[PDB]
Structure formats: C-alpha cells, structure tokens
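Student: Once you've seen the sequence and the experimental structure below, I've got questions.
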Amino acid sequence: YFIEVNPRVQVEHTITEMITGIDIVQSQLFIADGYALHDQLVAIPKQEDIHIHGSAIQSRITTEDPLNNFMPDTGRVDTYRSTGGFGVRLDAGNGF
Amino acid sequence: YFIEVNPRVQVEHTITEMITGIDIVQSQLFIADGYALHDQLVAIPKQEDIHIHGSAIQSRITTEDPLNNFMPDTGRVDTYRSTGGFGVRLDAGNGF
Amino acid sequence: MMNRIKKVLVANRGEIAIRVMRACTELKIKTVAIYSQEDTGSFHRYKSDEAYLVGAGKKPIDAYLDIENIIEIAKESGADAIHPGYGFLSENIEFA
C-alpha cells in the first residue's frame, strides 16, 4: 500500500548506491544541469540493465545516549577514530 | 609472458575485492581453516559466476617527498584527516 | 563537463552538505557552503570552496530556513544552482 512520496534525496540513499553502482547525488546534479539519464557521461543504464549487487546496511552514529533515554549528548569530541577496510563506507556529519 | 609468482596477499588485492565482491583476506582464513571455496559460508562463486563489476584504482599515500627525491619524511602527524563518501575505500597503515 | 551549472550553493549543513560538495567537486563544479552562527565551526564549512554566514540573528534552525538570505548569497556568489539537501528547505514550496 502506497503511503508517501519524499521529493528529495534521503539519508539512506547511500545503501542504494552501494548495491546498484549508481552515484545518486551526481545523478541529481547531472539531471538538473539538463542531461538525460543515459547520456554516456551520466552513465545510467536502461532499467533492464540496472541490477542489484550484494546487500548493504546503514547505521547512523549519533550522540543519542541510550543510558539516558536517547537524549543527545553534547560537548567536544576529544577522540574520533573511524574505521576502514573492504566493504565499508563512511559519510561524516559533525563527527570529526 | 609469465614472469613471477608471489605466494602471498598483495598490497593491491584491495582493488580486486572491489570489482569482484570477494573478501580475499577472509577467504584466506577460511581456506586455511580447512574449508572449500564454495562452502556456503565462504561463499566464493563458481568460476563462471565470478564477474567484473565496475573499475577500481589504488593510490598509496606515503611520506615520500617528491620535492626531495621521494625521500620519506619523518615526524609526528599533527593533522590527519582522510575522506569518505560513495565509492571510496581507506586502508590505514601508520597514518592516524 | 557541465552545461549550465558552474557553481552550486549547498543550502544545508552536516553530512548531506558534505556529500553534495563531494559530488560537485567530482564533477568539477565550484561549491558554496552556508553556516548558521551556531555552526561557525561545523566541518562542512571547511569542505567548500566558499562559505558565508546565513540567518544572522535568527534562531539556530530558523537561520537555515532564511530563504531570502539564502537567495541573496546565491546571487552575490554567482551560484547557478542550489542543492537544498534533505530536511530544512528541501521540501518547501516557497523556496523552490
């Protein structure tokens, strides 16, 4: 059952770029400049040629304290060390 | 023309994991434990089902100074800020 | 590489602001960030080629909703286009 349309990018677009290979945010830009999905520069395949590759999960890391009813903590972040390796993606907000 | 066999992982294995989907280092571990490539846990496809997805590039960031004949610089790294976003992978050595 | 869009002003903050900036730089497009007073130190401000204060005097959230100030800055700086991101003004009729 349909419930909603969001006429914008979403937080979770990341996980879609990962399984399809298509840079959604570049696509947005290309589109608005005036191009067409399949123009060789924009490189979006035809619907038939768009496929799922693997599976992806997104976790949003926030200062919501679970030991305090998920109230957002504040302050200076003295240490911030993210992570890496194969199959890992990081999109940083105000965590540096 | 054949020239060499390296009986080990390589620095650039990264770029292969990226276009094939196969975690090479986990595979190594699985193999040595005693499993077989296609055991469902190890999940390596049959040769026919292994494919190329996209293209990947690796650049190795080092303290080799190009303005000084690529002599390795030394010292404390006071600032180190890597990067992120879609299609990006980082495998950290002694850069933190 | 781009037809009409030579410069994009990213009318958001945080993670999505950085994402857009990163997509712009990949396409050789100049980026303009906006920050509220409160966000004078947000790291998305350091990811753009230009940054300008917005909402001077307004409350924290209202400052990123100041349509006319955003248009002033867009115009002042030579921005061909605005990416509204998600949240804030991204779904706002008056702003489009």
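Tutor: Arrived safely. Residues are numbered from 1 along each chain as shown, chains lettered A, B, ... in the order given.
Student: can you give me the strands for chain C?
Tutor: For chain C, applying DSSP state E gives strands covering C:7-10, C:30-35, C:50-53, C:81-83.
Student: Those: which one's closest to residue A:33?
Tutor: When those are compared by Cβ to Cβ, strand C:81-83 sits nearest residue A:33, at 7.9 Å. Every residue, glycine included, has its C-beta placed from N, CA and C.
Student: hmm, that closest one in reach of chain B?
Tutor: No: applying Cβ under 8 Å from any Cβ of the partner chain, one finds strand C:81-83 separated from chain B by no less than 14.7 Å.
Student: before we move on, what about stretch A:15-32?
Tutor: Yes: using Cβ under 8 Å from any Cβ, stretch A:15-32 reaches chain B at A:17-18, A:21, A:23-25.
Student: Most neighbours out of the residues you listed, which is it?
Tutor: residue A:25 (24 neighbours; other Cβ atoms under 10 Å in any protein chain shown).
Student: Could you verify my assumption that residue C:84 touches residue C:11?
Tutor: Yes: shown here, residue C:84 and residue C:11 form a contact pair, counting by Cβ atoms under 8 Å, at 5.1 Å.
Student: can you pull out the helices in chain C?
Tutor: Using DSSP state H, the helices found in chain C span residues C:14-26, C:67-77.
Student: Make sure residue A:86 is actually in contact with residue B:16.
Tutor: No: applying Cβ under 8 Å as the test, residue A:86 and residue B:16 come out as separate, 9.9 Å apart.
Student: Can you lay out the residues of stretch A:15-32 next to chain B as JSON lines showing distance to chain C and secondary structure?
Tutor: Shown next, in JSON lines, are those (distance: Cβ to the nearest Cβ, whole Å; DSSP: H, G, I helix; E, B strand; the rest coil):
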{"residue": "A:17", "distance to chain C": "10", "secondary structure": "helix"}
{"residue": "A:18", "distance to chain C": "14", "secondary structure": "helix"}
{"residue": "A:21", "distance to chain C": "15", "secondary structure": "coil"}
{"residue": "A:23", "distance to chain C": "7", "secondary structure": "coil"}
{"residue": "A:24", "distance to chain C": "9", "secondary structure": "helix"}
{"residue": "A:25", "distance to chain C": "4", "secondary structure": "helix"}
